[PDB]
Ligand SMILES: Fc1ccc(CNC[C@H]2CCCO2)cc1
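Given next, in structure tokens, is a single chain: the form deposited without the named molecule.
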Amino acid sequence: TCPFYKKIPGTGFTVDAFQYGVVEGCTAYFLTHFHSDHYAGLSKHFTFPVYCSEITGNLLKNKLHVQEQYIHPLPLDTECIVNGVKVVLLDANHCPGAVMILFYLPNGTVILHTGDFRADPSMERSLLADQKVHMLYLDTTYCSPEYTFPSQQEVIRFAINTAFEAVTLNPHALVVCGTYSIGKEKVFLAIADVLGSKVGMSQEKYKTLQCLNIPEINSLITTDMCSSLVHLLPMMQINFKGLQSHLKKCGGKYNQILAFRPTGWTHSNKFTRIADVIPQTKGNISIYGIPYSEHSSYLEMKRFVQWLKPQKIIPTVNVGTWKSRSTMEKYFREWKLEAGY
């Protein structure tokens, strides 16, 4: 049974609702981005129109084998008509191909569905600013003040400087980055760039990255793993045992691994007050937990919502418990009272 927050009222549209069979009344299925929790259910046997970004369409065609006749890629920042309703797709600042959707309802209402997003002040000076938005379907992943983390730029600076120093001190070191989906490509691409290396990876991951329209990416990635100083591994292998086993590969041409894992999103006086990143180390293997996020921090989310001033907010994340629903509604009310909308 499709939850109500996945249906757009006054339309026959659903958003990220592919695991519920045939949704009654749905004439178009929007997919905000290619993450498993959102595309769950899509396959080569889906026979309804899917509306998405071009990059998401590339992944649907090449990774899930969705038939081309049902993939409807839409350009960003462009007014499009879908089944009699004007829509606009905007970059969500999440993972490649991820979009927010503006719906211009026939009754004059405007709805913004953020998909998954990392709110940024740049969104306030975009075409989002050119009309009132009445209802907001909000990515509330980190809707609590303890969710603080640096800008992606600060985190990438840390990772680049850490990896460059380690490999320049020890040219026999290897950098490993963990991955389980698309997104956070900047981490391993930036490290490989500063090291003059390509990123070695599995054929399956290589295929995935080939779908993302990343400029000059043939110059940055390879399936020849031992020829590179940066390797991508499945996230489940980013542990001392998994990295020890990997070090035994490639003829043992490396004697050190620095691994990067995205983690560490909670920081407050209650829990992990110090945000400074220090690796977990065992012998010649170090694992850096870096707070690289592709969701809004609490402050980023708050700023965006107080700028947008929506009349109604419908969370799309963390609404499975009464505690989380209640806390989120308290924050929305706080934000509304502070900003006066």
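Think of the rigid core as the biggest set of C-alphas that the two forms share within 1.5 Å after superposition. Throughout, we count residues from 1 along the sequence that is shown. Shifts are known only where both forms have a C-alpha.
Form deposited with the named molecule bound: not shown, discussed below.
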**Message:** Can you check whether the pocket is open or blocked when the named molecule is overlaid onto this chain using its placement in the bound PDB entry? Blocked = 3+ ligand atoms within 2.4 Å of backbone or C-beta.
**Reply:** open
**Message:** Residue-level question: is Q152 within 4.5 Å of the named molecule in the bound PDB entry, judged on heavy atoms?
**Reply:** no
**Message:** Under a 4.5 Å heavy atom criterion, is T114 part of the interface with the named molecule in the bound PDB entry?
**Reply:** no
**Asked** Should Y206 be classed as touching the named molecule in the bound PDB entry when contacts are defined as heavy atoms within 4.5 Å?
**Response** no
**Prompt:** Is there a heavy atom of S144 lying 4.5 Å or less from a heavy atom of the named molecule in the bound PDB entry?
**Reply:** yes
**Complete:** TL;DR on 225-233, 197-205, 155-163, 136-144: the one with heavy atoms within 4.5 Å of the named molecule in the bound PDB entry is 136-144
**Residues within stretch 264-286 having a non-hydrogen atom within 4.5 Å of the named molecule in the bound PDB entry** = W265
**Message:** Quick check for you: superpose on the rigid core, then look between the shown form and the other one for a C-alpha move of 2 Å or more. Which of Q210, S181, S151, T266 is it?
**Reply:** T266
**Asked** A275: CA shift of at least 2 Å between the shown form and the other one after core fit?
**Response** yes
**Distance trend in the bound PDB entry - C-alpha atoms of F271 and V155, change of 3 Å or more** = closer
**Prompt:** Do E146 and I274 have their C-alpha atoms closer or farther apart in the bound PDB entry than here, with the shift being 3 angstroms or more?
**Reply:** farther
**Request:** Please identify, after superposing on the rigid core, every run of 3 or more consecutive residues whose C-alpha atoms all shift by 2 Å or more between the shown form and the other one, listing them in sequence order.
**Result:** 266-276
